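Asks: One structure follows; several queries about it will come next.
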Amino acid sequence: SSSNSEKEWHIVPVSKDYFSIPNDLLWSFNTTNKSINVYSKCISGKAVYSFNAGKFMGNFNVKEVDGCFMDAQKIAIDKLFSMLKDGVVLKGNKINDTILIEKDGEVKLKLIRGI
Amino acid sequence: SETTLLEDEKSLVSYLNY
């Protein structure tokens, strides 16, 4: 059950502050080693994920270029990466097959453009 | 379990390993 990753979740910016998120980040929960894996053309991140009251978190160890996430995109990425760590809960509305990233009572990111 | 869920590792991977 717990070992199926390398599954490209194209991250989606929902909230207005994340509209600057880069070209395209690939999110993949590594359920095989149980770690967060977030990588793209220019970023390489591992993390360990923990749960608190349904909030999915992840302490990251990302290595990443500057310029490829421009400046505000990198900010977007810090924003996104801080979200998980603050406790992002996967869930939303009108979805049954796609993952959505929400924290502070609203979705600001998604895995795949399901909705 | 839910619209998306994944509030538990098991329920998370049960949803990922689909």
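Within each chain, counting starts at residue 1; across the structure tokens, chains are named A, B, ... in the order shown, with ligands numbered 1 upward in that order.
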Tell me the residues of chain A close to chain B, meaning within 8 Å using only C-alpha atoms, as JSON, numbers by chain.
Replies: {"A": [1, 2, 3, 4, 5, 31, 51, 53, 54, 55, 56, 89, 90, 91, 92, 93, 94, 95, 96, 97, 98, 99, 100]}
Asks: Give me, please, the distance in Å between atom CA of residue A:37 and atom CA of residue A:115, quoted to one decimal.
Replies: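 Computing the Euclidean distance for atom CA of residue A:37 and atom CA of residue A:115 yields 22.8 Å.
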Asks: As a PDB file with N, CA, C and O atoms, in the first residue's frame, list the residues of stretch 16-109 of chain A assigned to strand (DSSP E) by DSSP on the backbone atoms of this structure.
Replies:
```pdb
ATOM      1  N   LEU A  25       5.999  23.073 -11.565  1.00  0.00           N
ATOM      2  CA  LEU A  25       6.650  22.246 -10.565  1.00  0.00           C
ATOM      3  C   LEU A  25       6.011  20.871 -10.523  1.00  0.00           C
ATOM      4  O   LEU A  25       4.785  20.745 -10.570  1.00  0.00           O
ATOM      5  N   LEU A  26       6.838  19.845 -10.434  1.00  0.00           N
ATOM      6  CA  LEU A  26       6.331  18.488 -10.328  1.00  0.00           C
ATOM      7  C   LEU A  26       6.339  18.047  -8.876  1.00  0.00           C
ATOM      8  O   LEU A  26       7.390  17.967  -8.237  1.00  0.00           O
ATOM      9  N   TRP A  27       5.160  17.783  -8.364  1.00  0.00           N
ATOM     10  CA  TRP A  27       5.007  17.285  -7.016  1.00  0.00           C
ATOM     11  C   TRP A  27       4.795  15.779  -7.056  1.00  0.00           C
ATOM     12  O   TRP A  27       4.024  15.275  -7.870  1.00  0.00           O
ATOM     13  N   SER A  28       5.499  15.064  -6.207  1.00  0.00           N
ATOM     14  CA  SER A  28       5.281  13.643  -6.057  1.00  0.00           C
ATOM     15  C   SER A  28       5.509  13.242  -4.611  1.00  0.00           C
ATOM     16  O   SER A  28       6.620  13.362  -4.094  1.00  0.00           O
ATOM     17  N   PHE A  29       4.459  12.801  -3.938  1.00  0.00           N
ATOM     18  CA  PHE A  29       4.637  12.266  -2.604  1.00  0.00           C
ATOM     19  C   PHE A  29       5.385  10.956  -2.732  1.00  0.00           C
ATOM     20  O   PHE A  29       4.909  10.034  -3.395  1.00  0.00           O
ATOM     21  N   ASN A  30       6.540  10.857  -2.116  1.00  0.00           N
ATOM     22  CA  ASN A  30       7.261   9.604  -2.114  1.00  0.00           C
ATOM     23  C   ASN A  30       6.718   8.760  -0.987  1.00  0.00           C
ATOM     24  O   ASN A  30       7.098   8.929   0.156  1.00  0.00           O
ATOM     25  N   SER A  35       8.422  10.385   1.988  1.00  0.00           N
ATOM     26  CA  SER A  35       9.071  11.688   1.975  1.00  0.00           C
ATOM     27  C   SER A  35       8.416  12.540   0.888  1.00  0.00           C
ATOM     28  O   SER A  35       7.852  11.999  -0.056  1.00  0.00           O
ATOM     29  N   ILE A  36       8.456  13.856   1.018  1.00  0.00           N
ATOM     30  CA  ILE A  36       7.922  14.710  -0.032  1.00  0.00           C
ATOM     31  C   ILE A  36       8.991  14.904  -1.096  1.00  0.00           C
ATOM     32  O   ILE A  36      10.136  15.216  -0.774  1.00  0.00           O
ATOM     33  N   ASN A  37       8.639  14.689  -2.347  1.00  0.00           N
ATOM     34  CA  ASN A  37       9.559  14.944  -3.439  1.00  0.00           C
ATOM     35  C   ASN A  37       8.969  15.979  -4.381  1.00  0.00           C
ATOM     36  O   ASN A  37       7.954  15.736  -5.029  1.00  0.00           O
ATOM     37  N   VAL A  38       9.588  17.145  -4.430  1.00  0.00           N
ATOM     38  CA  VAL A  38       9.122  18.210  -5.299  1.00  0.00           C
ATOM     39  C   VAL A  38      10.257  18.651  -6.198  1.00  0.00           C
ATOM     40  O   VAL A  38      11.264  19.175  -5.728  1.00  0.00           O
ATOM     41  N   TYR A  39      10.102  18.426  -7.483  1.00  0.00           N
ATOM     42  CA  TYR A  39      11.162  18.715  -8.425  1.00  0.00           C
ATOM     43  C   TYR A  39      10.605  19.266  -9.723  1.00  0.00           C
ATOM     44  O   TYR A  39       9.467  19.004 -10.085  1.00  0.00           O
ATOM     45  N   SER A  40      11.410  20.055 -10.392  1.00  0.00           N
ATOM     46  CA  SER A  40      11.047  20.624 -11.670  1.00  0.00           C
ATOM     47  C   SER A  40      12.302  20.808 -12.496  1.00  0.00           C
ATOM     48  O   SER A  40      13.367  20.315 -12.122  1.00  0.00           O
ATOM     49  N   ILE A  43      14.372  22.836  -9.852  1.00  0.00           N
ATOM     50  CA  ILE A  43      14.330  22.673  -8.388  1.00  0.00           C
ATOM     51  C   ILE A  43      14.312  21.198  -7.996  1.00  0.00           C
ATOM     52  O   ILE A  43      13.779  20.355  -8.718  1.00  0.00           O
ATOM     53  N   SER A  44      14.920  20.900  -6.859  1.00  0.00           N
ATOM     54  CA  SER A  44      15.082  19.532  -6.386  1.00  0.00           C
ATOM     55  C   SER A  44      14.857  19.477  -4.882  1.00  0.00           C
ATOM     56  O   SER A  44      15.713  19.903  -4.108  1.00  0.00           O
ATOM     57  N   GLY A  45      13.705  18.977  -4.465  1.00  0.00           N
ATOM     58  CA  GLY A  45      13.372  19.020  -3.063  1.00  0.00           C
ATOM     59  C   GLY A  45      12.917  17.705  -2.490  1.00  0.00           C
ATOM     60  O   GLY A  45      12.047  17.031  -3.045  1.00  0.00           O
ATOM     61  N   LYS A  46      13.523  17.342  -1.377  1.00  0.00           N
ATOM     62  CA  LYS A  46      13.054  16.244  -0.575  1.00  0.00           C
ATOM     63  C   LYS A  46      12.484  16.811   0.712  1.00  0.00           C
ATOM     64  O   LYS A  46      12.817  17.930   1.096  1.00  0.00           O
ATOM     65  N   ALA A  47      11.621  16.064   1.360  1.00  0.00           N
ATOM     66  CA  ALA A  47      11.059  16.479   2.629  1.00  0.00           C
ATOM     67  C   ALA A  47      10.544  15.269   3.371  1.00  0.00           C
ATOM     68  O   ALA A  47      10.364  14.220   2.777  1.00  0.00           O
ATOM     69  N   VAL A  48      10.338  15.393   4.662  1.00  0.00           N
ATOM     70  CA  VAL A  48       9.652  14.355   5.405  1.00  0.00           C
ATOM     71  C   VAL A  48       8.302  14.891   5.818  1.00  0.00           C
ATOM     72  O   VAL A  48       8.206  16.002   6.336  1.00  0.00           O
ATOM     73  N   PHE A  51       1.760  14.584   9.947  1.00  0.00           N
ATOM     74  CA  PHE A  51       0.347  14.933   9.958  1.00  0.00           C
ATOM     75  C   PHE A  51      -0.074  15.480  11.312  1.00  0.00           C
ATOM     76  O   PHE A  51       0.314  14.951  12.356  1.00  0.00           O
ATOM     77  N   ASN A  52      -0.854  16.549  11.287  1.00  0.00           N
ATOM     78  CA  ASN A  52      -1.404  17.119  12.506  1.00  0.00           C
ATOM     79  C   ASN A  52      -2.830  17.587  12.260  1.00  0.00           C
ATOM     80  O   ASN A  52      -3.050  18.552  11.534  1.00  0.00           O
ATOM     81  N   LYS A  55      -3.741  17.979   8.833  1.00  0.00           N
ATOM     82  CA  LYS A  55      -2.841  18.863   8.122  1.00  0.00           C
ATOM     83  C   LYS A  55      -1.582  18.120   7.700  1.00  0.00           C
ATOM     84  O   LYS A  55      -0.851  17.586   8.536  1.00  0.00           O
ATOM     85  N   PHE A  56      -1.342  18.101   6.402  1.00  0.00           N
ATOM     86  CA  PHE A  56      -0.190  17.433   5.827  1.00  0.00           C
ATOM     87  C   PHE A  56       0.977  18.406   5.719  1.00  0.00           C
ATOM     88  O   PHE A  56       0.865  19.473   5.110  1.00  0.00           O
ATOM     89  N   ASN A  59       8.920  18.846   6.097  1.00  0.00           N
ATOM     90  CA  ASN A  59      10.150  19.601   6.308  1.00  0.00           C
ATOM     91  C   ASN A  59      11.076  19.390   5.125  1.00  0.00           C
ATOM     92  O   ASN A  59      11.568  18.282   4.902  1.00  0.00           O
ATOM     93  N   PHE A  60      11.331  20.459   4.383  1.00  0.00           N
ATOM     94  CA  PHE A  60      11.980  20.355   3.083  1.00  0.00           C
ATOM     95  C   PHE A  60      13.477  20.544   3.143  1.00  0.00           C
ATOM     96  O   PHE A  60      14.021  21.193   4.038  1.00  0.00           O
ATOM     97  N   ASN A  61      14.117  19.957   2.156  1.00  0.00           N
ATOM     98  CA  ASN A  61      15.528  20.128   1.898  1.00  0.00           C
ATOM     99  C   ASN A  61      15.715  20.369   0.414  1.00  0.00           C
ATOM    100  O   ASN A  61      16.221  19.511  -0.308  1.00  0.00           O
ATOM    101  N   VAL A  62      15.274  21.523  -0.047  1.00  0.00           N
ATOM    102  CA  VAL A  62      15.266  21.806  -1.472  1.00  0.00           C
ATOM    103  C   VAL A  62      16.559  22.463  -1.901  1.00  0.00           C
ATOM    104  O   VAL A  62      17.141  23.263  -1.166  1.00  0.00           O
ATOM    105  N   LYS A  63      17.010  22.088  -3.078  1.00  0.00           N
ATOM    106  CA  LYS A  63      18.084  22.780  -3.755  1.00  0.00           C
ATOM    107  C   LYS A  63      17.510  23.359  -5.034  1.00  0.00           C
ATOM    108  O   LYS A  63      16.741  22.687  -5.731  1.00  0.00           O
ATOM    109  N   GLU A  64      17.837  24.597  -5.337  1.00  0.00           N
ATOM    110  CA  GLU A  64      17.148  25.285  -6.406  1.00  0.00           C
ATOM    111  C   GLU A  64      17.935  26.475  -6.948  1.00  0.00           C
ATOM    112  O   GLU A  64      18.678  27.146  -6.228  1.00  0.00           O
ATOM    113  N   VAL A  89      -3.798  20.812   3.973  1.00  0.00           N
ATOM    114  CA  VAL A  89      -4.668  19.663   3.923  1.00  0.00           C
ATOM    115  C   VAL A  89      -5.160  19.419   2.503  1.00  0.00           C
ATOM    116  O   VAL A  89      -5.651  20.322   1.824  1.00  0.00           O
ATOM    117  N   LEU A  90      -4.958  18.194   2.059  1.00  0.00           N
ATOM    118  CA  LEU A  90      -5.376  17.749   0.744  1.00  0.00           C
ATOM    119  C   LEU A  90      -6.873  17.445   0.788  1.00  0.00           C
ATOM    120  O   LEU A  90      -7.308  16.661   1.626  1.00  0.00           O
ATOM    121  N   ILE A  99      -5.983  15.844  -6.269  1.00  0.00           N
ATOM    122  CA  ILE A  99      -5.531  16.318  -4.971  1.00  0.00           C
ATOM    123  C   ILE A  99      -5.469  17.838  -4.947  1.00  0.00           C
ATOM    124  O   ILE A  99      -5.054  18.463  -5.919  1.00  0.00           O
ATOM    125  N   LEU A 100      -5.872  18.431  -3.836  1.00  0.00           N
ATOM    126  CA  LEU A 100      -5.920  19.881  -3.726  1.00  0.00           C
ATOM    127  C   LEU A 100      -5.232  20.329  -2.443  1.00  0.00           C
ATOM    128  O   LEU A 100      -5.338  19.668  -1.416  1.00  0.00           O
ATOM    129  N   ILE A 101      -4.519  21.440  -2.522  1.00  0.00           N
ATOM    130  CA  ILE A 101      -3.691  21.922  -1.411  1.00  0.00           C
ATOM    131  C   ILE A 101      -4.312  23.150  -0.734  1.00  0.00           C
ATOM    132  O   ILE A 101      -4.386  24.232  -1.324  1.00  0.00           O
ATOM    133  N   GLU A 102      -4.722  22.991   0.518  1.00  0.00           N
ATOM    134  CA  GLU A 102      -5.409  24.041   1.237  1.00  0.00           C
ATOM    135  C   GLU A 102      -4.801  24.235   2.630  1.00  0.00           C
ATOM    136  O   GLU A 102      -4.445  23.265   3.293  1.00  0.00           O
ATOM    137  N   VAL A 107      -8.075  26.876  -0.227  1.00  0.00           N
ATOM    138  CA  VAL A 107      -7.132  26.238  -1.123  1.00  0.00           C
ATOM    139  C   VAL A 107      -6.315  27.306  -1.832  1.00  0.00           C
ATOM    140  O   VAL A 107      -6.850  28.312  -2.292  1.00  0.00           O
ATOM    141  N   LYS A 108      -5.016  27.111  -1.880  1.00  0.00           N
ATOM    142  CA  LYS A 108      -4.140  28.059  -2.544  1.00  0.00           C
ATOM    143  C   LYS A 108      -3.236  27.348  -3.536  1.00  0.00           C
ATOM    144  O   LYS A 108      -2.496  27.987  -4.283  1.00  0.00           O
ATOM    145  N   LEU A 109      -3.327  26.029  -3.556  1.00  0.00           N
ATOM    146  CA  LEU A 109      -2.521  25.220  -4.440  1.00  0.00           C
ATOM    147  C   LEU A 109      -3.270  23.929  -4.762  1.00  0.00           C
ATOM    148  O   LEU A 109      -4.204  23.573  -4.058  1.00  0.00           O
TER     149      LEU A 109
END
```
Asks: Skip residue A:16 itself and residues of its chain fewer than 3 positions away, then list as a PyMOL selection string all residues within 12 Å of it, counting only C-alpha atoms.
Replies: chain A and resi 12-13+19-21+76+79+106-109
Asks: Distance atom CA of residue A:10-atom CA of residue A:112, one decimal place?
Replies: 4.8 Å
Asks: Which residue, A:32, A:73, A:78, A:57, has the smallest gap to residue A:7 when you use only C-alpha atoms?
Replies: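 That would be A:32, the residue with the smallest distance to residue A:7.
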Asks: Enumerate the residues of chain B with a DSSP assignment of helix (DSSP H, G or I), computed from the backbone, and present them as a list in words.
Replies: residues 9, 10, 11, 12, 13, 14, 15 and 16 of chain B
Asks: Between atom CA of residue A:23 and atom CA of residue A:77, measure the distance and give it in Å to one decimal.
Replies: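 Atom-to-atom, atom CA of residue A:23 to atom CA of residue A:77, that is 11.2 Å.
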Asks: Could you name the residues that touch residue A:86 at 8 Å or less, counting only C-alpha atoms, but leaving out those on the same chain fewer than 2 positions away, as an MDAnalysis selection string?
Replies: chainID A and resid 57 82:84 88 103
